[PDB]
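Inspection log for the structure reproduced underneath, given as structure tokens.
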Amino acid sequence: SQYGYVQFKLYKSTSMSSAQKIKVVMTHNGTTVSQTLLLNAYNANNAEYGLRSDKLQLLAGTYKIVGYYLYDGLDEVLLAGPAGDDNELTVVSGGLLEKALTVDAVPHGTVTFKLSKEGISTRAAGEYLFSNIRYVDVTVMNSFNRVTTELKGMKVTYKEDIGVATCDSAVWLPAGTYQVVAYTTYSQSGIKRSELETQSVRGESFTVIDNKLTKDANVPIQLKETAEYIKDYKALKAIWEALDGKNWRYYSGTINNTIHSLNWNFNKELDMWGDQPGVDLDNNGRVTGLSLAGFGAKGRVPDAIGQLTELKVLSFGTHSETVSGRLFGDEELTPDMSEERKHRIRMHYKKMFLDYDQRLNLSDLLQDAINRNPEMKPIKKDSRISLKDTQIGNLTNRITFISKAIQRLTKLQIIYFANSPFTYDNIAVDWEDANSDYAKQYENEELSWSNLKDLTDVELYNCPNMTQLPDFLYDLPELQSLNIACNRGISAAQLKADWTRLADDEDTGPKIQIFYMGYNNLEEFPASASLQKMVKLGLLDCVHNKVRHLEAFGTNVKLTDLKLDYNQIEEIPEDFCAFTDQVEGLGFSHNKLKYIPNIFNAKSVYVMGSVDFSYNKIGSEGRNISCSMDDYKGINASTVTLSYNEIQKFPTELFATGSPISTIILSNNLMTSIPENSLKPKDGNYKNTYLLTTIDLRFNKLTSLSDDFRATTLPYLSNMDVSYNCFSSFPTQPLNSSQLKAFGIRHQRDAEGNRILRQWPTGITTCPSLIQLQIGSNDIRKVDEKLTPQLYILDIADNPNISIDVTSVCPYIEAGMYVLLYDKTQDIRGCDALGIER
Ligand SMILES: [Cl-]
Ligand code: NA
């Protein structure tokens, strides 16, 4: 009534039929017991060997088949069968189970082990007694094909301090030559089975023979302390098993010529467990780096991570994970980096999402002009990652918990968390399991965050369910770089509080150097008196927040980088901050700025690369600056971007203050003219006006310029674009420049949408440096000038009443040395190769 039945059916794989018995070896809750049954023969098939077993009465429950033996008429072992991966069978109360046994093509033999004292072969008593070893785990490695096999929880029968014991239950190994390469011994006390030691060894070579038993295979017991590097490798296996390791699949984020490894591997010799993708080791074999980035881990970080005390770089996610997996562009995060390597890695976020060449705000004409000019550096295409509101909150992993054992990793320099679903109270606040051998030990150690005096870099990027910053940040002694971008789980009120705490904290406040907090919800900056405490700040990213109110840091805070783009800032305090002699480009674009803030100095010996004030409301209040002309200090920057604003008056203020501007981008503004003394005083020139080589004035309402644009004021003027304006008469003043290489005046219209530009600029072919001209989409009529082969890029398309003869440049057009933009409908005489409609 408590029992059921089993029968076995022999199946073929992918000779026999002399066998008439089977001894199936099974295990049911530590009862390694075998039973002999007879074979009944039926019709053979290409799937069935045609042999079925007698009913076997067993008590209802789950059983695991270890192996089986087949026997002929003479009752000799005709086959030593392995269980396979279909090792389990469950007997049912009053049921009849039929188990399919598939005969493996690979010949197997059987083995027994003999545990022996080695190294301390009758010497100074070891870490534990040989006697009272109750269970062992042995790893055997095939000496030819190098395949390892793990034989777990074998019962050690010790018959008699003294030291010679055996594993009486035989195991099934494929025929070949082996060596024991590792073991774990256990002591049993009641029901508690405890670890004695784990060692990497090389036991004496044994050989397995087909359908025969090899007796007493060498397991060389050391009776020593488990080495720290072996403890590390076992912790890695724990971490891997706790974070759904079997289901990891590394994503490199790029299709190149490398096919990266998908996962870690523990089906190899124990001594090799430190060789893993993402794991970095020291000369003694200890773990110094661990990166789970790219694998897609799921689970809780166990207390076992506390063992890896030589860990210097630790990473669970990255802002770059979906782009380049484990890498930051081309380089990796490694232990003990130089100041240069560390800085390159810290600047990765900036390069990936914030910086861009300010000359990408110029027209295609002006960019082309610069790119084909060897006297100027080429314009770097926008390689940044565009990030939409839907892309934010996308997880790279399902890591829901971080053990507080992280407090034991005192040599830790850099820690990265990103794209995880954990809550702020689950980030290194508690033990993953208070009853783990690790937590039971570390509870008795005085573990504190105050000991991570080497941890300078922390990343908490895009953690959606994080409602505030975790407490561990405020207890870090030497924090320098912090990234908390895309934590839209934190409210505007909560973020202001968290930043205030961070600044007010006597630990971190005066130590923070880099602060990335873009794509968040901040509406107001913390109180100035608190922001002033951030004495060592050098980088600040507040892009894509909802910032409507700024507070100053003061002029004692010297910033190298400042990115305030995409917010709702109306004014920047005159004392917001100061800047270093290392500034490349500052971002203030996409705001509601009414004025250019007086926070720069044109009298500064260091010249910044650029200031970006595009997409604001400058000039909407009547003047481009809020201070007096006498108080205005100018801007020490080569490029000034003021496109998409409400500028009605040309910013003379910049030139009058001797600003070393070489490119001025004033496109998409409301100017109707640039009268005389806009770029100069009445009887002279401003100190640095001669540096102005590029001018973008497209999409304005300009009807006139002045003699301010002649070589007497702009002698090195190279590129100018006045396309989409209201010129009815060509402004020839810029053509006075001997250095003018490109000029554009496309699509001139009046308010009433008429094509107001009809006259060709007669004499333009004499411009000594002019290469490109754009006069397309106007109403150009007759052209009497003989075109020069020197001005070899000409756009005259969309001029329907044009009458021009191109005979002079006709052989150059044919030789592919002249680019003419035109319509086959236009009256263009002199070149048959053009295909003009006759
Ligand atoms: Cl204005
Ligand atoms: Na590695």
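None of the figures in this text is laboratory data; all of them are computed from the coordinates on show. Cβ: placed from backbone, ideal geometry, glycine included. Neighbour counts: every protein chain shown.
Is it true that some residue in the stretch 374-389 is surrounded by fewer than 17 Cβ atoms within 10 Å (Cβ to Cβ), out of contact with any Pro (no Cβ under 9 Å at 6 or more places or on another chain) and in a helix (DSSP H, G or I)?
no
Considering only residues that are within 53 Å of the chain's Cα centre (by Cα) and part of a loop (DSSP other than H, G, I, E, B), look in the stretch 799-834 and name the one that is surrounded by the most Cβ atoms within 10 Å (Cβ to Cβ).
Result: 799.
Hey, residue 603 hits all of (1) surrounded by fewer than 19 Cβ atoms within 10 Å (Cβ to Cβ); (2) within 16 Å of ligand 1 (Cβ to nearest atom) but one; which does it fall short on?
(2)
Scan the stretch 249-256 and give yes if some residue there is within 13 Å of ligand 2 (Cβ to nearest atom) and polar (S, T, N, Q), otherwise no.
At the first step, the residues of the stretch 249-256 found to be within 13 Å of ligand 2 (Cβ to nearest atom) are 250.
Within this subset, residues satisfying the condition of being polar (S, T, N, Q) are none.
No, there is no match, as no residue in the stretch 249-256 is within 13 Å of ligand 2 (Cβ to nearest atom) and polar (S, T, N, Q).
Residues that are farther than 13 Å from residue 6 by Cβ and under 55 Å from the mean Cα position of the chain (by Cα): which strands (runs of 3 or more DSSP E) entirely in the stretch 28-104 hold 1 or more of them? Give the steps one after another, and end with the answer.
On the way: elements: 32-41, 48-53, 56-59, 61-71, 77-82, 88-91, 96-102.
Of the strands (runs of 3 or more DSSP E) lying wholly inside the stretch 28-104, those with at least 1 residues that are farther than 13 Å from residue 6 by Cβ and under 55 Å from the mean Cα position of the chain (by Cα) span 32-41, 48-53, 61-71, 77-82, 96-102.
Within the stretch 26-52, which residues are under 16 Å from residue 78 (Cβ atoms) and surrounded by 15 or more Cβ atoms within 10 Å (Cβ to Cβ)?
Selection gives 37, 39, 49, 50, 51.
Looking at residue 588, is it surrounded by 17 or more Cβ atoms within 10 Å (Cβ to Cβ), over 25 Å from residue 694 (Cα atoms) and away from ligand 1 (no atom under 16 Å from the Cβ)?
no
Quick test of your reading of the structure: residue 3 fulfils all but one of (1) surrounded by 12 or more Cβ atoms within 10 Å (Cβ to Cβ); (2) within 20 Å of residue 75 (Cβ to Cβ); (3) of a type in the set (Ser, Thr, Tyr). Name the failing condition by number.
(2)
Counting only residues that are more than 8 Å from ligand 1 (Cβ to nearest atom) and of a type in the set (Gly, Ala, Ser), which one in the stretch 621-630 is farthest from the chain's Cα centre (by Cα)?
Out of the qualifying residues, it is 628.
Which pairs have Cβ atoms under 6 Å, sit 6 or more apart or on different chains, and link a residue in the stretch 532-548 that is on the phi > 0 side of the Ramachandran plot to one that is surrounded by fewer than 22 Cβ atoms within 10 Å (Cβ to Cβ)?
From residues that are on the phi > 0 side of the Ramachandran plot, the pairs are 544/566.
Anything in the stretch 784-798 that is assigned to a loop (DSSP other than H, G, I, E, B) and either of a type in the set (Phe, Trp, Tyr) or surrounded by fewer than 22 Cβ atoms within 10 Å (Cβ to Cβ) (or both)? List them, or say none. Give the derivation first.
So in the stretch 784-798, the residues assigned to a loop (DSSP other than H, G, I, E, B) come out as 784-792, 796-798.
Hits for the stretch 784-798 are 784, 785, 786, 788, 789, 790, 791, 792, 797, 798.
How about the stretch 526-603: which strands (runs of 3 or more DSSP E) wholly inside it have at least 2 residues that are over 25 Å from residue 629 (Cα atoms)? Break it down stepwise before answering.
Numbers: elements: 539-541, 561-563, 585-587.
Fully inside the stretch 526-603 and qualifying: 539-541, 561-563.
Hey, can you tell me all the residues within the stretch 471-508 that are over 22 Å from the mean Cα position of the chain (by Cα), assigned to a loop (DSSP other than H, G, I, E, B) and surrounded by fewer than 21 Cβ atoms within 10 Å (Cβ to Cβ)?
Answer for the stretch 471-508, where residues must be over 22 Å from the mean Cα position of the chain (by Cα), assigned to a loop (DSSP other than H, G, I, E, B) and surrounded by fewer than 21 Cβ atoms within 10 Å (Cβ to Cβ): 477, 478, 491, 505, 506, 507.
Restricting to the stretch 24-59, give me the number of residues that are among the aliphatic types (A, V, I, L, M) and within 30 Å of residue 156 (Cα to Cα).
So the answer is 8.
Quick check on my filter: what residues within the stretch 646-672 are in contact with a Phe, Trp or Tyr (Cβ under 9 Å, 6 or more places away or on another chain), within 16 Å of ligand 1 (Cβ to nearest atom) and not aliphatic (A, V, I, L, M)?
Selection gives 652, 653, 655, 667, 668, 669.
Going by what's in this entry, would residue 289 be described as closer than 27 Å to residue 145 by Cα, within 12 Å of ligand 2 (Cβ to nearest atom), among the small types (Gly, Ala, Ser) and touching a strand residue (DSSP E or B) at 6+ places or on another chain (Cβ under 6 Å)?
No: the conditions fail for residue 289.
Within the stretch 768-783, can you find the residues that are not aliphatic (A, V, I, L, M) and not in a loop (DSSP other than H, G, I, E, B)? Give the derivation first.
Let us first name the residues in the stretch 768-783 that are not aliphatic (A, V, I, L, M), namely 768-769, 772, 774, 776-779, 781-782.
772, 774, 782 - these are the residues of the stretch 768-783 that are not aliphatic (A, V, I, L, M) and not in a loop (DSSP other than H, G, I, E, B).
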